[PDB]
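Take a look at this single chain, the form deposited in one PDB entry, given in structure tokens.
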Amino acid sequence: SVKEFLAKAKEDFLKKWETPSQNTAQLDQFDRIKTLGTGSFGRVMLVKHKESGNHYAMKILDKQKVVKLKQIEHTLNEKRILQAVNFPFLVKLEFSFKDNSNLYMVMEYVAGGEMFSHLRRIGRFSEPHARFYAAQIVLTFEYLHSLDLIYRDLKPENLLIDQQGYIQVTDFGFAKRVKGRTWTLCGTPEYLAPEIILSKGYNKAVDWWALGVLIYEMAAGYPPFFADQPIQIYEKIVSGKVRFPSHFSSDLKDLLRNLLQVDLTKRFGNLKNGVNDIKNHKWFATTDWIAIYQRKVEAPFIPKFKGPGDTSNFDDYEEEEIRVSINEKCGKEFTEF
């Protein structure tokens, strides 16, 4: 039944995987309003689509920047995968297109802001609050993994909160369609599984590790492995010694020891029973998996929204001209975008 849902999920995905959509809008169809967040290659803007009056979030990427950091393949992955998936907790790519200078991905605008923002402000999430979010990540990973995808960038900064208080996963920059192991050193330092750091070759288990980090950070208000510089963080991760807050439940601590498990033969999500080891853990006993999927659970926190266009849940950023050269940059490199 999940097998059968997943089965037909995979058909839908593969069709799009094999024949991706391209060139579904253009720059002049949108008025650009405000920057919602910035990134290594550009920025994301609140925009308003002229003909419909809908708001969207427009991810702008400078092709030259992308090339410079050798992120071509990853960027192509990001778009190919994003246009192909369909899940309740995955942000929807609405349009995509390119011009002389930039790549554009236009997504649904997730107005509630980043989980980050909320987490740092509130301090930490109660275990029931944390569990609500975690459940959504679990189902999402079950979905992605089933398609031979690895996500590889779980963190509060990549999780948006929608108007119903549910999660929208964003940033597929490191997502990859892989059968078997892969080797790229990528992610975010606090969230890296030891086997990435150790340059061993790794698989989808790294996502389950990250889940542990996320759940810890959510419930604690700080990550299990932190320091001033990435290098000291990696030391800690590798040791894998973890200390828990006084307030963590026994059940939580037990779940965490099994996710933050250096031994792949022992890590939850990577065993014979797979995800069911997670879904069936005592920490999730009160969790209604179907109701979560169906968005019937009432959320613990609902962002204030006043109107379409409201960016109150978002930090302010400095703005800058979008520039489009008269000459085509990196045309061949980005042919399939």
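Note that residue numbering follows the sequence shown and begins at 1. The term rigid core refers to the maximal set of C-alpha atoms that superpose within 1.5 Å between the two forms.
Figure legend: residue 55 is marked as modelled in all of the other comparable entries of the protein, none of which omit it, let alone a third.
Among other deposited entries of this protein with both flanking residues present, at least a third omit coordinates for residue 306. As recorded in the PDB entry, 313-321 is the stretch of 20-28 and 313-321 with the greater mean C-alpha temperature factor. Between the stretches 270-278 and 29-37, it is 270-278 that shows the larger average CA temperature factor. The PDB entry assigns the greatest CA B-factor among 229, 136, 100, 261 to 229. Set against one another, the Cα B-factors of 206, 81, 107, 238 in the record reach their highest point at 238. Among all modelled residues in its chain, residue 305 ranks in the highest third by Cα B-factor.
The entry lists a Cα temperature factor for residue 69 that places it in the highest third of the chain's modelled residues. Remark: residue 57 belongs to the lowest third of its chain, ranked by C-alpha B-factor as recorded.
Per the deposited record, the Cα B-factor of residue 49 falls in the lowest third when ranked against the other modelled residues of its chain. Residue 77: CA B factor in the middle third of modelled residues in this chain (values from the PDB entry).
One more form of this protein should be noted, the form deposited in another entry, which is absent from this view; the next part is about it.
Of the residues 136, 77, 146, 168, exactly one exceeds or equals a 2 Å C-alpha shift between this form and the one not shown once the rigid core is aligned, and that residue is 77. After superposing the rigid core, the C-alpha of residue 94 moves by 2 Å or more between this form and the one not shown. Once you line up the core between this form and the one not shown, the Cα of residue 274 stays within less than 2 Å of where it was. After superposition on the rigid core, displacement of the C-alpha of residue 287 between this form and the one not shown stays below 2 Å. The pair residue 203 and residue 72 is looser in that other deposited form: their Cα-Cα distance rises by no less than 3 Å compared with this form.
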